[PDB]
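Each chain gets a letter, A, B and so on, in the order its sequence line appears, and its residues count up from 1. Any value given below was found using the heavy atoms of this structure, including those in side chains, with hydrogens, waters and symmetry copies removed.
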Amino acid sequence: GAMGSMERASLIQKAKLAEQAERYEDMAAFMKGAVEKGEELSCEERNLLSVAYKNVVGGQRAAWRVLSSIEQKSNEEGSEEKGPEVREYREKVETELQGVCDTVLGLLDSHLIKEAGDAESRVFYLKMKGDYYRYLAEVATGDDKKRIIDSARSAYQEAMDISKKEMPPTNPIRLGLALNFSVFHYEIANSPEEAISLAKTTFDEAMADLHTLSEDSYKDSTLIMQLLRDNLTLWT
Amino acid sequence: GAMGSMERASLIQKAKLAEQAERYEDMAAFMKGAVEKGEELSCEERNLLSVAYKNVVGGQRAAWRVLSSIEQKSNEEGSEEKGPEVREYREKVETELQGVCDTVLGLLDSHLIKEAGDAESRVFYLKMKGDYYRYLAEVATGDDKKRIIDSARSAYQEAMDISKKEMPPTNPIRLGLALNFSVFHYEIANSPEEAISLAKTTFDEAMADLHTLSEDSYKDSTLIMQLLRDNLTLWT
Amino acid sequence: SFXXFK
Amino acid sequence: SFXXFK
Ligand SMILES: [Mg+2]
Ligand SMILES: [Mg+2]
Ligand SMILES: [Mg+2]
Ligand SMILES: [Mg+2]
């Protein structure tokens, strides 16, 4: 493990630099080495981890979608045989994507989730687990697709259960979890009504709690509530 | 060489897909494998090669500049000692950048330039040689800096010499070469007056030749002439 | 979807 | 600076 010779604090330091330089592969590798030091992550460090791998897998997912779209057009009416190259390259990007998700899932299993006792950290990491299974779901086609989907569902649900018990309904992690689980329902689970019910209930419960908030926290929560609003306007 | 088992045509095909997916590292590796097949490149293939490596090194250069800026601020007045990490990471990006340039320079020496007999191809590749030495110049500091700069100068000049003899002054490769050699003068060679003289002479000679052009070629040439205009407005 | 809380 | 001619 090639970050093994770097100080934990230096990895975190370089992750922040990598973010500034928009060098997100680097950022993710620095944060992976930081996790493998074996210590729990602080709030700020958890944010670095998720921003890094979100950017990395986000480019992969965008590329996969472009290539999957081309490949579907190669299957269509009046479409000239172009060889195995579109499939081949979509598969190469897919396998790369799948390896990033497996790497993130591996960090969470070994051993971030099990050492996360506080609600803010446990919910954060279980939401990540749901998110990275959801990205595997987006590209899965075999039999295993159902099992990937269930695994995403199960992480999101455990996270939902904890967040409802332990966090205010304006909490930005709770809000973002609900948003993403609703996206899961709409885009993965073929459950748009659940997606809409969850987004609306989450939005309405946060609205009723905003009065408890300082001006800065109000800003943090209403940003994500707007994202719920955006999906509901898209979905209805 | 890990593209060695792929068909030349399949590499070109996948390079085009990679461009569409904005997967430019991939695109560059496909085009490197295509070059190493040993055949001359067509016009369209030469464009793929330069778009690919421009995007790759362009991200590197942007990152290097961010990190070099941070590092210079760490050297300033009232600036707290932060350790060797900013330097270390700027060096890592620098070395990566230097390897991409060396890879491009290596393709041109082995053996694109020497087999390029036509003016459009020879000028294209010598401009690339100038460009990738100029990127090495941007980060060079040792004694070798002068020699890198001369090497950039020398490629640009040979390309300028051929383009003047063999191409119309509206030719987009000739125009882009002049633009970049002028940037070389301004940004690398500490010769802003030369930079301005070259941009203005190039612009004025193209303007007088635009009447010879079809509507599509007029569009191609005036785009780059506008870029000359932009630099002159920046520089004067 | 949404993922770096202030 | 400038580098894919139509
Ligand atoms: Mg230590
Ligand atoms: Mg596959
Ligand atoms: Mg062959
Ligand atoms: Mg160096």
Side-chain angles (χ1 to χ4, degrees), chain A residues 2-3 5-27 29-31 33-34 55-74 80 83-97 100 139, chain B residues 2-3 5-27 29-31 33-34 55-74 80 83-97 100 139:
Chain A
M3 292 309 179
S5 71
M6 211 171 304
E7 285 288 7
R8 189 189 191 273
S10 292
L11 288 163
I12 293 300
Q13 193 181 346
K14 295 185 189 184
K16 286 166 191 192
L17 289 169
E19 193 187 26
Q20 293 178 81
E22 297 185 14
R23 285 267 295 190
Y24 297 102
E25 293 186 357
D26 285 349
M27 194 198 173
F30 289 139
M31 280 314 296
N55 276 285
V56 167
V57 297
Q60 287 163 338
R61 294 162 70 207
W64 189 92
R65 291 177 187 192
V66 168
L67 300 168
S68 185
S69 185
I70 297 165
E71 186 183 9
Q72 285 340 297
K73 299 148 197 160
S74 70
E80 199 66 47
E85 291 92 349
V86 169
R87 165 187 60 67
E88 278 173 352
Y89 185 46
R90 180 273 302 163
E91 287 183 348
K92 179 195 132 183
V93 169
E94 191 173 299
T95 304
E96 178 185 305
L97 192 160
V100 163
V139 304
Chain B
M3 292 309 179
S5 71
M6 211 171 304
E7 285 288 7
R8 189 189 191 273
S10 292
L11 288 163
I12 293 300
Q13 193 181 346
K14 295 185 189 184
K16 286 166 191 192
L17 289 169
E19 193 187 26
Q20 293 178 81
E22 297 185 14
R23 285 267 295 190
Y24 297 102
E25 293 186 357
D26 285 349
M27 194 198 173
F30 289 139
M31 280 314 296
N55 276 285
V56 167
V57 297
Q60 287 163 338
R61 294 162 70 207
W64 189 92
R65 291 177 187 192
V66 168
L67 300 168
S68 185
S69 185
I70 297 165
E71 186 183 9
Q72 285 340 297
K73 299 148 197 160
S74 70
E80 199 66 47
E85 291 92 349
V86 169
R87 165 187 60 67
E88 278 173 352
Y89 185 46
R90 180 273 302 163
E91 287 183 348
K92 179 195 132 183
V93 169
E94 191 173 299
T95 304
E96 178 185 305
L97 192 160
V100 163
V139 304

More than 12 foreign heavy atoms under 6.0 Å from CD of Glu25(B): is that the case here?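 Incorrect, the count does not exceed 12.
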When only pairs under 4.5 Å are counted, which of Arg90(B), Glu7(B), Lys14(B) shares the most heavy-atom pairs with chain A?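 Ranked by heavy-atom pairs under 4.5 Å with chain A, first place is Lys14(B).
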Which one of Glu22(B), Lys92(B), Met6(B), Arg65(B) has the most heavy-atom pairs closer than 4.5 Å to chain A?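 That would be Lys92(B).
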Which region of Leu67(A), side chain (C-beta onward) or backbone (N, CA, C, O), has a non-hydrogen atom less than 4.5 Å from a non-hydrogen atom of chain B, or is it both or neither?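 The answer is the side chain of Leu67(A).
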Interface moiety of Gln20(A) toward chain B, non-hydrogen atoms closer than 4.5 Å: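 Both parts, backbone and side chain.
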Within-4.5 Å side-chain heavy-atom neighbours: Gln13(A) and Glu88(B):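 They are not in side-chain contact.
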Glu85(B) and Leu17(A): which non-hydrogen atoms are nearest, and at how many Å?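 It is O-CD1, 4.2 Å.
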